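Enquirer: Provided herewith: structure39.pdb, PDB, C-alpha atoms.
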ATOM      1  CA  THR J   1     -25.198  11.532  -5.477  1.00  0.00           C
ATOM      2  CA  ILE J   2     -26.351  14.750  -7.237  1.00  0.00           C
ATOM      3  CA  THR J   3     -29.971  15.306  -8.243  1.00  0.00           C
ATOM      4  CA  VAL J   4     -29.631  18.375 -10.504  1.00  0.00           C
ATOM      5  CA  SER J   5     -27.015  19.654 -12.953  1.00  0.00           C
ATOM      6  CA  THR J   6     -24.224  21.239 -10.851  1.00  0.00           C
ATOM      7  CA  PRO J   7     -20.975  23.063 -11.631  1.00  0.00           C
ATOM      8  CA  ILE J   8     -17.794  20.972 -11.492  1.00  0.00           C
ATOM      9  CA  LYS J   9     -15.931  23.625  -9.509  1.00  0.00           C
ATOM     10  CA  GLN J  10     -18.667  23.280  -6.874  1.00  0.00           C
ATOM     11  CA  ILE J  11     -18.433  19.551  -6.298  1.00  0.00           C
ATOM     12  CA  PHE J  12     -14.623  19.481  -6.687  1.00  0.00           C
ATOM     13  CA  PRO J  13     -13.286  22.420  -4.678  1.00  0.00           C
ATOM     14  CA  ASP J  14      -9.591  21.770  -5.507  1.00  0.00           C
ATOM     15  CA  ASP J  15      -8.610  23.600  -8.740  1.00  0.00           C
ATOM     16  CA  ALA J  16      -6.109  21.038 -10.004  1.00  0.00           C
ATOM     17  CA  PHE J  17      -8.600  18.223  -9.388  1.00  0.00           C
ATOM     18  CA  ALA J  18     -11.542  20.138 -10.828  1.00  0.00           C
ATOM     19  CA  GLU J  19      -9.629  20.672 -14.095  1.00  0.00           C
ATOM     20  CA  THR J  20      -8.862  16.974 -14.086  1.00  0.00           C
ATOM     21  CA  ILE J  21     -12.533  16.078 -13.933  1.00  0.00           C
ATOM     22  CA  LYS J  22     -13.241  18.702 -16.561  1.00  0.00           C
ATOM     23  CA  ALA J  23     -10.767  17.103 -18.968  1.00  0.00           C
ATOM     24  CA  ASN J  24     -12.148  13.602 -18.360  1.00  0.00           C
ATOM     25  CA  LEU J  25     -15.695  14.794 -19.034  1.00  0.00           C
ATOM     26  CA  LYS J  26     -14.555  16.809 -22.056  1.00  0.00           C
ATOM     27  CA  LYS J  27     -16.068  20.071 -20.821  1.00  0.00           C
ATOM     28  CA  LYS J  28     -14.787  23.475 -21.856  1.00  0.00           C
ATOM     29  CA  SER J  29     -14.988  25.167 -18.457  1.00  0.00           C
ATOM     30  CA  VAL J  30     -14.643  24.077 -14.881  1.00  0.00           C
ATOM     31  CA  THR J  31     -17.871  25.980 -14.182  1.00  0.00           C
ATOM     32  CA  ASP J  32     -19.882  23.919 -16.648  1.00  0.00           C
ATOM     33  CA  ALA J  33     -22.750  22.132 -15.021  1.00  0.00           C
ATOM     34  CA  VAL J  34     -22.828  18.329 -14.963  1.00  0.00           C
ATOM     35  CA  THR J  35     -25.282  15.616 -14.198  1.00  0.00           C
ATOM     36  CA  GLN J  36     -24.927  12.541 -11.957  1.00  0.00           C
ATOM     37  CA  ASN J  37     -25.137  10.556 -15.206  1.00  0.00           C
ATOM     38  CA  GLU J  38     -22.080  12.265 -16.617  1.00  0.00           C
ATOM     39  CA  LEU J  39     -20.226  11.507 -13.364  1.00  0.00           C
ATOM     40  CA  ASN J  40     -21.283   7.853 -13.512  1.00  0.00           C
ATOM     41  CA  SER J  41     -19.480   7.556 -16.869  1.00  0.00           C
ATOM     42  CA  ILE J  42     -16.124   8.065 -15.206  1.00  0.00           C
ATOM     43  CA  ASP J  43     -14.458   4.720 -14.479  1.00  0.00           C
ATOM     44  CA  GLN J  44     -10.861   5.853 -14.266  1.00  0.00           C
ATOM     45  CA  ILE J  45      -8.841   8.869 -13.319  1.00  0.00           C
ATOM     46  CA  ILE J  46      -5.207   9.236 -14.094  1.00  0.00           C
ATOM     47  CA  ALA J  47      -3.769  12.331 -12.515  1.00  0.00           C
ATOM     48  CA  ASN J  48      -0.195  11.859 -11.463  1.00  0.00           C
ATOM     49  CA  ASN J  49       2.003  14.853 -10.652  1.00  0.00           C
ATOM     50  CA  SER J  50      -0.944  17.142 -11.004  1.00  0.00           C
ATOM     51  CA  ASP J  51      -0.433  19.179  -7.819  1.00  0.00           C
ATOM     52  CA  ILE J  52      -3.810  17.987  -6.390  1.00  0.00           C
ATOM     53  CA  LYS J  53      -4.149  18.926  -2.695  1.00  0.00           C
ATOM     54  CA  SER J  54      -7.581  17.405  -2.094  1.00  0.00           C
ATOM     55  CA  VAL J  55      -9.797  14.867  -3.881  1.00  0.00           C
ATOM     56  CA  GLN J  56     -12.962  16.149  -2.204  1.00  0.00           C
ATOM     57  CA  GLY J  57     -15.846  15.505  -4.602  1.00  0.00           C
ATOM     58  CA  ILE J  58     -14.537  12.128  -5.680  1.00  0.00           C
ATOM     59  CA  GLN J  59     -17.367  10.714  -3.509  1.00  0.00           C
ATOM     60  CA  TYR J  60     -19.698  11.342  -6.441  1.00  0.00           C
ATOM     61  CA  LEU J  61     -17.797   9.056  -8.869  1.00  0.00           C
ATOM     62  CA  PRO J  62     -19.231   5.698  -7.842  1.00  0.00           C
ATOM     63  CA  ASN J  63     -17.797   3.768 -10.790  1.00  0.00           C
ATOM     64  CA  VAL J  64     -14.152   4.563 -10.569  1.00  0.00           C
ATOM     65  CA  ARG J  65     -12.049   1.431 -10.926  1.00  0.00           C
ATOM     66  CA  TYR J  66      -8.596   2.748 -11.646  1.00  0.00           C
ATOM     67  CA  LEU J  67      -7.309   5.698  -9.687  1.00  0.00           C
ATOM     68  CA  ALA J  68      -3.768   7.051 -10.128  1.00  0.00           C
ATOM     69  CA  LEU J  69      -2.994   9.950  -7.819  1.00  0.00           C
ATOM     70  CA  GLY J  70       0.733   9.507  -7.453  1.00  0.00           C
ATOM     71  CA  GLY J  71       2.972  12.511  -7.135  1.00  0.00           C
ATOM     72  CA  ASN J  72       0.374  14.856  -5.767  1.00  0.00           C
ATOM     73  CA  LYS J  73       0.175  16.540  -2.350  1.00  0.00           C
ATOM     74  CA  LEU J  74      -2.621  14.581  -0.715  1.00  0.00           C
ATOM     75  CA  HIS J  75      -2.610  14.665   3.116  1.00  0.00           C
ATOM     76  CA  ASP J  76      -6.078  13.038   3.584  1.00  0.00           C
ATOM     77  CA  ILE J  77      -7.835  10.222   1.670  1.00  0.00           C
ATOM     78  CA  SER J  78     -11.029   9.712   3.612  1.00  0.00           C
ATOM     79  CA  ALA J  79     -13.044  10.616   0.513  1.00  0.00           C
ATOM     80  CA  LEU J  80     -12.219   7.210  -1.052  1.00  0.00           C
ATOM     81  CA  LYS J  81     -14.047   5.404   1.733  1.00  0.00           C
ATOM     82  CA  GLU J  82     -16.999   4.544  -0.459  1.00  0.00           C
ATOM     83  CA  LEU J  83     -15.581   3.922  -3.950  1.00  0.00           C
ATOM     84  CA  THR J  84     -16.445   0.258  -3.696  1.00  0.00           C
ATOM     85  CA  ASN J  85     -15.592  -0.604  -7.300  1.00  0.00           C
ATOM     86  CA  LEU J  86     -12.057   0.527  -6.951  1.00  0.00           C
ATOM     87  CA  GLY J  87      -9.590  -2.055  -8.190  1.00  0.00           C
ATOM     88  CA  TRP J  88      -6.335  -0.046  -8.625  1.00  0.00           C
ATOM     89  CA  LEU J  89      -5.177   2.685  -6.268  1.00  0.00           C
ATOM     90  CA  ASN J  90      -1.834   4.470  -6.493  1.00  0.00           C
ATOM     91  CA  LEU J  91      -1.264   7.009  -3.772  1.00  0.00           C
ATOM     92  CA  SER J  92       2.542   7.012  -3.970  1.00  0.00           C
ATOM     93  CA  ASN J  93       4.613  10.143  -3.433  1.00  0.00           C
ATOM     94  CA  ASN J  94       2.063  12.132  -1.573  1.00  0.00           C
ATOM     95  CA  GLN J  95       2.292  13.391   1.983  1.00  0.00           C
ATOM     96  CA  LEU J  96       0.265  10.883   3.894  1.00  0.00           C
ATOM     97  CA  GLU J  97       1.437  10.814   7.504  1.00  0.00           C
ATOM     98  CA  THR J  98      -1.344   8.512   8.602  1.00  0.00           C
ATOM     99  CA  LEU J  99      -4.515   6.691   7.411  1.00  0.00           C
ATOM    100  CA  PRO J 100      -8.037   6.910   8.751  1.00  0.00           C
ATOM    101  CA  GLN J 101      -9.393   4.002  10.727  1.00  0.00           C
ATOM    102  CA  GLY J 102     -11.243   1.817   8.244  1.00  0.00           C
ATOM    103  CA  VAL J 103     -10.574   3.893   5.171  1.00  0.00           C
ATOM    104  CA  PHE J 104     -10.328   0.573   3.174  1.00  0.00           C
ATOM    105  CA  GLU J 105     -13.117  -1.258   4.919  1.00  0.00           C
ATOM    106  CA  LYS J 106     -15.330  -1.075   1.854  1.00  0.00           C
ATOM    107  CA  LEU J 107     -12.863  -1.399  -1.000  1.00  0.00           C
ATOM    108  CA  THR J 108     -13.286  -5.125  -1.288  1.00  0.00           C
ATOM    109  CA  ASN J 109     -12.532  -5.326  -4.998  1.00  0.00           C
ATOM    110  CA  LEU J 110      -9.158  -3.771  -4.544  1.00  0.00           C
ATOM    111  CA  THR J 111      -6.262  -5.649  -6.162  1.00  0.00           C
ATOM    112  CA  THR J 112      -3.393  -3.150  -6.229  1.00  0.00           C
ATOM    113  CA  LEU J 113      -2.568  -0.645  -3.513  1.00  0.00           C
ATOM    114  CA  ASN J 114       0.541   1.483  -3.703  1.00  0.00           C
ATOM    115  CA  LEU J 115       1.267   3.605  -0.655  1.00  0.00           C
ATOM    116  CA  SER J 116       4.920   3.942  -1.348  1.00  0.00           C
ATOM    117  CA  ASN J 117       6.939   7.082  -0.775  1.00  0.00           C
ATOM    118  CA  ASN J 118       4.723   8.628   1.818  1.00  0.00           C
ATOM    119  CA  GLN J 119       5.608   9.380   5.410  1.00  0.00           C
ATOM    120  CA  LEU J 120       3.514   6.744   7.113  1.00  0.00           C
ATOM    121  CA  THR J 121       5.015   5.678  10.355  1.00  0.00           C
ATOM    122  CA  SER J 122       2.434   3.163  11.653  1.00  0.00           C
ATOM    123  CA  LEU J 123      -0.813   1.586  10.474  1.00  0.00           C
ATOM    124  CA  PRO J 124      -4.209   1.620  12.122  1.00  0.00           C
ATOM    125  CA  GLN J 125      -5.591  -1.575  13.537  1.00  0.00           C
ATOM    126  CA  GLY J 126      -7.462  -3.642  10.950  1.00  0.00           C
ATOM    127  CA  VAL J 127      -6.367  -1.417   8.076  1.00  0.00           C
ATOM    128  CA  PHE J 128      -6.408  -4.240   5.441  1.00  0.00           C
ATOM    129  CA  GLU J 129      -8.747  -6.773   7.044  1.00  0.00           C
ATOM    130  CA  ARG J 130     -11.391  -6.600   4.287  1.00  0.00           C
ATOM    131  CA  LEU J 131      -9.087  -6.455   1.276  1.00  0.00           C
ATOM    132  CA  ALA J 132      -9.328 -10.143   0.289  1.00  0.00           C
ATOM    133  CA  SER J 133      -8.894  -9.618  -3.443  1.00  0.00           C
ATOM    134  CA  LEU J 134      -5.580  -7.771  -2.913  1.00  0.00           C
ATOM    135  CA  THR J 135      -2.540  -9.062  -4.723  1.00  0.00           C
ATOM    136  CA  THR J 136      -0.064  -6.222  -4.692  1.00  0.00           C
ATOM    137  CA  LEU J 137       0.770  -3.974  -1.819  1.00  0.00           C
ATOM    138  CA  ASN J 138       3.592  -1.533  -1.909  1.00  0.00           C
ATOM    139  CA  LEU J 139       4.476   0.167   1.384  1.00  0.00           C
ATOM    140  CA  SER J 140       8.074   0.942   0.473  1.00  0.00           C
ATOM    141  CA  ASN J 141       9.895   4.163   1.349  1.00  0.00           C
ATOM    142  CA  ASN J 142       7.889   5.132   4.357  1.00  0.00           C
ATOM    143  CA  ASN J 143       8.926   5.369   7.988  1.00  0.00           C
ATOM    144  CA  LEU J 144       7.264   2.191   9.142  1.00  0.00           C
ATOM    145  CA  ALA J 145       8.730   1.154  12.433  1.00  0.00           C
ATOM    146  CA  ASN J 146       5.762  -0.564  13.997  1.00  0.00           C
ATOM    147  CA  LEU J 147       3.472  -3.240  12.753  1.00  0.00           C
ATOM    148  CA  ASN J 148       0.711  -5.051  14.514  1.00  0.00           C
ATOM    149  CA  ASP J 149       0.826  -8.844  14.414  1.00  0.00           C
ATOM    150  CA  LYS J 150      -2.460  -9.097  12.501  1.00  0.00           C
ATOM    151  CA  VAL J 151      -1.622  -6.286  10.108  1.00  0.00           C
ATOM    152  CA  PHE J 152      -1.505  -8.468   6.981  1.00  0.00           C
ATOM    153  CA  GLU J 153      -4.040 -10.987   8.226  1.00  0.00           C
ATOM    154  CA  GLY J 154      -6.663 -11.675   5.568  1.00  0.00           C
ATOM    155  CA  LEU J 155      -4.475 -10.822   2.573  1.00  0.00           C
ATOM    156  CA  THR J 156      -4.741 -14.428   1.582  1.00  0.00           C
ATOM    157  CA  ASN J 157      -4.371 -13.699  -2.130  1.00  0.00           C
ATOM    158  CA  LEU J 158      -1.491 -11.304  -1.732  1.00  0.00           C
ATOM    159  CA  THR J 159       1.365 -12.152  -4.102  1.00  0.00           C
ATOM    160  CA  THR J 160       3.624  -9.126  -3.917  1.00  0.00           C
ATOM    161  CA  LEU J 161       4.573  -7.206  -0.811  1.00  0.00           C
ATOM    162  CA  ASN J 162       7.125  -4.442  -0.833  1.00  0.00           C
ATOM    163  CA  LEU J 163       8.426  -3.157   2.480  1.00  0.00           C
ATOM    164  CA  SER J 164      11.782  -1.627   1.421  1.00  0.00           C
ATOM    165  CA  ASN J 165      13.318   1.439   2.946  1.00  0.00           C
ATOM    166  CA  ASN J 166      11.459   1.407   6.183  1.00  0.00           C
ATOM    167  CA  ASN J 167      12.483   1.061   9.779  1.00  0.00           C
ATOM    168  CA  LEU J 168      11.344  -2.390  10.815  1.00  0.00           C
ATOM    169  CA  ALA J 169      14.611  -3.726  12.158  1.00  0.00           C
ATOM    170  CA  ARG J 170      13.435  -3.771  15.777  1.00  0.00           C
ATOM    171  CA  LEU J 171      10.476  -5.931  14.995  1.00  0.00           C
ATOM    172  CA  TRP J 172      12.774  -8.944  14.611  1.00  0.00           C
ATOM    173  CA  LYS J 173      14.896  -9.024  17.685  1.00  0.00           C
ATOM    174  CA  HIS J 174      14.449 -11.444  20.535  1.00  0.00           C
ATOM    175  CA  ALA J 175      15.232  -8.526  22.820  1.00  0.00           C
ATOM    176  CA  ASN J 176      12.048  -6.875  21.467  1.00  0.00           C
ATOM    177  CA  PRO J 177       9.331  -6.157  24.044  1.00  0.00           C
ATOM    178  CA  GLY J 178       6.901  -8.982  23.358  1.00  0.00           C
ATOM    179  CA  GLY J 179       9.425 -10.921  21.314  1.00  0.00           C
ATOM    180  CA  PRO J 180       9.675 -10.922  17.595  1.00  0.00           C
ATOM    181  CA  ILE J 181       6.688  -9.899  15.558  1.00  0.00           C
ATOM    182  CA  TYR J 182       5.633 -12.509  13.005  1.00  0.00           C
ATOM    183  CA  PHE J 183       3.871 -10.134  10.635  1.00  0.00           C
ATOM    184  CA  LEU J 184       4.046 -12.533   7.683  1.00  0.00           C
ATOM    185  CA  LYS J 185       1.785 -15.290   9.084  1.00  0.00           C
ATOM    186  CA  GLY J 186      -0.579 -16.849   6.546  1.00  0.00           C
ATOM    187  CA  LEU J 187       0.829 -15.317   3.360  1.00  0.00           C
ATOM    188  CA  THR J 188       0.592 -18.725   1.735  1.00  0.00           C
ATOM    189  CA  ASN J 189       0.341 -17.195  -1.757  1.00  0.00           C
ATOM    190  CA  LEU J 190       2.963 -14.529  -1.446  1.00  0.00           C
ATOM    191  CA  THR J 191       5.568 -14.856  -4.212  1.00  0.00           C
ATOM    192  CA  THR J 192       7.630 -11.679  -4.077  1.00  0.00           C
ATOM    193  CA  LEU J 193       8.804  -9.997  -0.875  1.00  0.00           C
ATOM    194  CA  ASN J 194      11.139  -7.040  -0.586  1.00  0.00           C
ATOM    195  CA  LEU J 195      12.577  -6.343   2.856  1.00  0.00           C
ATOM    196  CA  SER J 196      15.665  -4.492   1.757  1.00  0.00           C
ATOM    197  CA  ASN J 197      16.928  -1.405   3.525  1.00  0.00           C
ATOM    198  CA  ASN J 198      15.361  -1.924   6.912  1.00  0.00           C
ATOM    199  CA  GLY J 199      18.202  -2.182   9.402  1.00  0.00           C
ATOM    200  CA  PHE J 200      17.716  -5.927   9.970  1.00  0.00           C
ATOM    201  CA  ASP J 201      20.581  -7.567  11.886  1.00  0.00           C
ATOM    202  CA  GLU J 202      18.974 -10.796  12.943  1.00  0.00           C
ATOM    203  CA  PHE J 203      15.915 -12.691  12.151  1.00  0.00           C
ATOM    204  CA  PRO J 204      14.352 -15.780  13.544  1.00  0.00           C
ATOM    205  CA  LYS J 205      13.623 -18.813  11.407  1.00  0.00           C
ATOM    206  CA  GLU J 206       9.918 -18.664  12.068  1.00  0.00           C
ATOM    207  CA  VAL J 207       9.392 -15.358  10.213  1.00  0.00           C
ATOM    208  CA  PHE J 208       9.199 -16.986   6.744  1.00  0.00           C
ATOM    209  CA  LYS J 209       7.404 -20.096   8.035  1.00  0.00           C
ATOM    210  CA  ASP J 210       4.274 -19.728   5.876  1.00  0.00           C
ATOM    211  CA  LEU J 211       5.689 -18.291   2.638  1.00  0.00           C
ATOM    212  CA  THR J 212       5.511 -21.518   0.665  1.00  0.00           C
ATOM    213  CA  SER J 213       4.804 -19.931  -2.698  1.00  0.00           C
ATOM    214  CA  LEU J 214       7.703 -17.550  -2.299  1.00  0.00           C
ATOM    215  CA  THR J 215       9.997 -17.286  -5.336  1.00  0.00           C
ATOM    216  CA  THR J 216      11.731 -13.924  -4.806  1.00  0.00           C
ATOM    217  CA  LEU J 217      13.188 -12.591  -1.587  1.00  0.00           C
ATOM    218  CA  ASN J 218      15.175  -9.398  -1.342  1.00  0.00           C
ATOM    219  CA  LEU J 219      17.125  -8.879   1.885  1.00  0.00           C
ATOM    220  CA  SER J 220      19.799  -6.678   0.465  1.00  0.00           C
ATOM    221  CA  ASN J 221      21.107  -3.526   2.223  1.00  0.00           C
ATOM    222  CA  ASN J 222      20.381  -4.695   5.698  1.00  0.00           C
ATOM    223  CA  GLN J 223      22.771  -5.367   8.605  1.00  0.00           C
ATOM    224  CA  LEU J 224      22.617  -9.157   8.612  1.00  0.00           C
ATOM    225  CA  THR J 225      25.675 -10.847   9.993  1.00  0.00           C
ATOM    226  CA  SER J 226      24.511 -14.444   9.461  1.00  0.00           C
ATOM    227  CA  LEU J 227      21.467 -16.532   8.563  1.00  0.00           C
ATOM    228  CA  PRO J 228      19.674 -19.280  10.403  1.00  0.00           C
ATOM    229  CA  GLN J 229      19.374 -22.905   9.335  1.00  0.00           C
ATOM    230  CA  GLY J 230      16.073 -24.358   8.074  1.00  0.00           C
ATOM    231  CA  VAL J 231      14.931 -21.313   6.073  1.00  0.00           C
ATOM    232  CA  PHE J 232      15.797 -22.624   2.607  1.00  0.00           C
ATOM    233  CA  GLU J 233      14.310 -26.048   3.507  1.00  0.00           C
ATOM    234  CA  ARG J 234      10.916 -24.326   3.897  1.00  0.00           C
ATOM    235  CA  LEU J 235      11.046 -21.995   0.910  1.00  0.00           C
ATOM    236  CA  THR J 236      11.006 -24.761  -1.664  1.00  0.00           C
ATOM    237  CA  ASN J 237      10.102 -22.472  -4.564  1.00  0.00           C
ATOM    238  CA  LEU J 238      12.746 -19.837  -3.906  1.00  0.00           C
ATOM    239  CA  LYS J 239      14.664 -18.814  -7.032  1.00  0.00           C
ATOM    240  CA  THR J 240      15.965 -15.341  -6.334  1.00  0.00           C
ATOM    241  CA  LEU J 241      17.526 -14.335  -3.091  1.00  0.00           C
ATOM    242  CA  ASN J 242      19.302 -11.000  -2.883  1.00  0.00           C
ATOM    243  CA  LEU J 243      21.637 -10.738   0.108  1.00  0.00           C
ATOM    244  CA  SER J 244      24.056  -8.131  -1.140  1.00  0.00           C
ATOM    245  CA  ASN J 245      25.302  -5.289   1.053  1.00  0.00           C
ATOM    246  CA  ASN J 246      25.021  -7.167   4.220  1.00  0.00           C
ATOM    247  CA  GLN J 247      27.706  -8.276   6.619  1.00  0.00           C
ATOM    248  CA  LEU J 248      27.624 -11.988   6.111  1.00  0.00           C
ATOM    249  CA  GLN J 249      30.841 -13.296   7.467  1.00  0.00           C
ATOM    250  CA  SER J 250      31.495 -16.945   7.926  1.00  0.00           C
ATOM    251  CA  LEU J 251      30.552 -17.823  11.505  1.00  0.00           C
ATOM    252  CA  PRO J 252      33.387 -17.325  13.998  1.00  0.00           C
ATOM    253  CA  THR J 253      34.762 -20.523  15.561  1.00  0.00           C
TER     254      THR J 253
END
Go ahead and render the structure in this file as structure tokens.

Expert:
Amino acid sequence: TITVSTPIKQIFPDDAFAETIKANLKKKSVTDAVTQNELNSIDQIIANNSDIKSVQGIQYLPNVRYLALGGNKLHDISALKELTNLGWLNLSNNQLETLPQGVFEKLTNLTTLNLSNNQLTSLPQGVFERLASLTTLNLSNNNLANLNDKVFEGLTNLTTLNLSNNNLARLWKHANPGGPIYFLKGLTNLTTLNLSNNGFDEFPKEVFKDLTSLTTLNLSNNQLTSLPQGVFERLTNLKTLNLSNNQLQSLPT
């Protein structure tokens, strides 16, 4: 919140981002003063591939609902902590190495979250615990190699989950310290799941035990040598199953 007319360049230190705000407010200069009212009028920002290094100042746009910041150079996103009306957030192709604890604790109206093509390697504890209106989550093309058991707990309305091109193979090996990690518990409404390109070479039967609404499963480009029995019996709504580029041989006898 601002209480007097203030220059845009002042609130929004980053040049690229300042110009963005300028354009959306239809101001001639980035030094033009603006009122909290004018900032309240902004309900979306679409700024892909805009070279934005920081979204500092975005704290003052309380009514943003649709935010597209893909293809920028964002390393920090803590300034979104309080945009509680956010419904769509695309942070793909940035340079996020990590997320703040509780950065999404408040974004309870969020329905789409795209974190793809970053360099995330792990996720904080309770990173998506509040997001109960979330339906789409894209974490593909990161370096995810570790997930906590309760990571996707409370995404009860999640319908699409994309985890391609990561490094989760280890999470599904009996020889894994603490056994396999059942990170898909309770995704009763999930319908599309993409686990391609993770070096999977085995997977227990219990992993997909809750995915009853599942219709599309991509396991292509992994290192699977065989599949277990009982999986298809559970996934009664499964229509598309991609197993290409694996090593499925007929069991040796």

Enquirer: Determine, counting only C-alpha atoms, which protein, DNA and RNA residues have an atom within 7 Å of an atom of segment 161-166 of chain J; residues of the same chain fewer than 6 positions away are not included. Present the result as a list in words.

Expert: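 Surrounding residues, per the criterion: residues 136, 137, 138, 139, 140, 141, 142, 143, 144, 145, 192, 193, 194, 195, 196, 197 and 198 of chain J.
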
Enquirer: Could you please take those selected residues and save C-alpha atoms as a short mmCIF file (atom, residue, chain, number, x, y, z; two decimals), in the coordinates of the input?

Expert:
data_model
loop_
_atom_site.label_atom_id
_atom_site.label_comp_id
_atom_site.auth_asym_id
_atom_site.auth_seq_id
_atom_site.Cartn_x
_atom_site.Cartn_y
_atom_site.Cartn_z
CA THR J 136 -0.06 -6.22 -4.69
CA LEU J 137 0.77 -3.97 -1.82
CA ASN J 138 3.59 -1.53 -1.91
CA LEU J 139 4.48 0.17 1.38
CA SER J 140 8.07 0.94 0.47
CA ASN J 141 9.90 4.16 1.35
CA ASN J 142 7.89 5.13 4.36
CA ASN J 143 8.93 5.37 7.99
CA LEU J 144 7.26 2.19 9.14
CA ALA J 145 8.73 1.15 12.43
CA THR J 192 7.63 -11.68 -4.08
CA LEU J 193 8.80 -10.00 -0.88
CA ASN J 194 11.14 -7.04 -0.59
CA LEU J 195 12.58 -6.34 2.86
CA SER J 196 15.66 -4.49 1.76
CA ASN J 197 16.93 -1.40 3.52
CA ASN J 198 15.36 -1.92 6.91
#

Enquirer: Please compute the atom CA of residue 129 of chain J-atom CA of residue 100 of chain J distance, one decimal, in Å.

Expert: 13.8 Å

Enquirer: Need to verify the contact set: residue 213 of chain J, 8 Å, only C-alpha atoms, exclusion of same-chain residues closer than 5 positions in sequence. Can you return it as an mmCIF file with C-alpha atoms, in the frame of the given file?

Expert:
data_model
loop_
_atom_site.group_PDB
_atom_site.id
_atom_site.type_symbol
_atom_site.label_atom_id
_atom_site.label_comp_id
_atom_site.auth_asym_id
_atom_site.auth_seq_id
_atom_site.Cartn_x
_atom_site.Cartn_y
_atom_site.Cartn_z
ATOM 1 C CA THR J 188 0.592 -18.725 1.735
ATOM 2 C CA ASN J 189 0.341 -17.195 -1.757
ATOM 3 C CA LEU J 190 2.963 -14.529 -1.446
ATOM 4 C CA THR J 191 5.568 -14.856 -4.212
ATOM 5 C CA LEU J 235 11.046 -21.995 0.910
ATOM 6 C CA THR J 236 11.006 -24.761 -1.664
ATOM 7 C CA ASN J 237 10.102 -22.472 -4.564
#

Enquirer: Care to translate the PyMOL selection byres ((chain J and resi 201) around 10) into actual residues of this file, as number ranges by chain?

Expert: J: 169-170, 172-173, 198-200, 202-203, 222-227, 246-247

Enquirer: Can you tell me how far atom CA of residue 186 of chain J sits from atom CA of residue 211 of chain J, in Å to one decimal?

Expert: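 So the two atoms, atom CA of residue 186 of chain J and atom CA of residue 211 of chain J, lie 7.5 Å apart.
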
Enquirer: Smallest atom-to-atom distance to residue 115 of chain J: which of J:23, J:151, J:69, J:11, using only C-alpha atoms?

Expert: J:69

Enquirer: Spell out the residues picked by the PyMOL selection byres ((chain J and resi 149) around 10) here, as a compact mmCIF listing (two decimals) with C-alpha atoms, keeping the file's coordinate frame.

Expert:
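Below is the file part22.txt, written as the result:
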# COMPACT_ATOMS: atom_id res chain seq x y z
CA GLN J 125 -5.59 -1.58 13.54
CA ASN J 146 5.76 -0.56 14.00
CA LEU J 147 3.47 -3.24 12.75
CA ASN J 148 0.71 -5.05 14.51
CA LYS J 150 -2.46 -9.10 12.50
CA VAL J 151 -1.62 -6.29 10.11
CA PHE J 152 -1.50 -8.47 6.98
CA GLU J 153 -4.04 -10.99 8.23
CA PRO J 180 9.68 -10.92 17.60
CA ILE J 181 6.69 -9.90 15.56
CA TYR J 182 5.63 -12.51 13.00
CA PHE J 183 3.87 -10.13 10.64
CA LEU J 184 4.05 -12.53 7.68
CA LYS J 185 1.78 -15.29 9.08

Enquirer: So which one's closest to residue 8 of chain J, J:65, J:44, J:51, J:57? Using only C-alpha atoms, please.

Expert: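 Residue with the minimum atom-to-atom distance to residue 8 of chain J: J:57.
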
Enquirer: Could you list the residues chosen by the PyMOL selection byres ((chain J and resi 66) around 10) in this structure as a PyMOL selection string?

Expert: chain J and resi 42-46+63-65+67-69+85-90+110+112

Enquirer: Mind giving me the straight-line distance from atom CA of residue 4 of chain J to atom CA of residue 53 of chain J in Å, one decimal?

Expert: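 Separation between atom CA of residue 4 of chain J and atom CA of residue 53 of chain J: 26.7 Å.
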
Enquirer: List the neighbours of residue 6 of chain J out to 12 Å using all atoms listed in the file; skip same-chain residues closer than 6 positions along the sequence, and give me the result as a PyMOL selection string.

Expert: chain J and resi 12+30-39+57+60

Enquirer: Can you pull out the residues contacting residue 50 of chain J? Cut-off 8 Å, using all atoms listed in the file, and skip same-chain residues under 2 positions away; I want them as a PyMOL selection string.

Expert: chain J and resi 16-17+47-48+52+71-72

Enquirer: For residue 229 of chain J, which of J:73, J:206, J:175, J:18 is the closest residue, counting all atoms listed in the file?

Expert: J:206

Enquirer: In terms of the shortest atom-to-atom distance over only C-alpha atoms, which of J:26, J:75, J:212, J:93 is closest to residue 233 of chain J?

Expert: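 Between J:26, J:75, J:212, J:93, the residue approaching residue 233 of chain J most closely is J:212.
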
Enquirer: With distances taken over all atoms listed in the file, which of J:122, J:252, J:204, J:155 is nearest to residue 135 of chain J?

Expert: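 Looking only at the distances to residue 135 of chain J, the closest residue turns out to be J:155.
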
Enquirer: Return the single residue from J:230, J:13, J:126, J:70 that is closest to residue 58 of chain J, with distances computed using only C-alpha atoms.

Expert: J:13
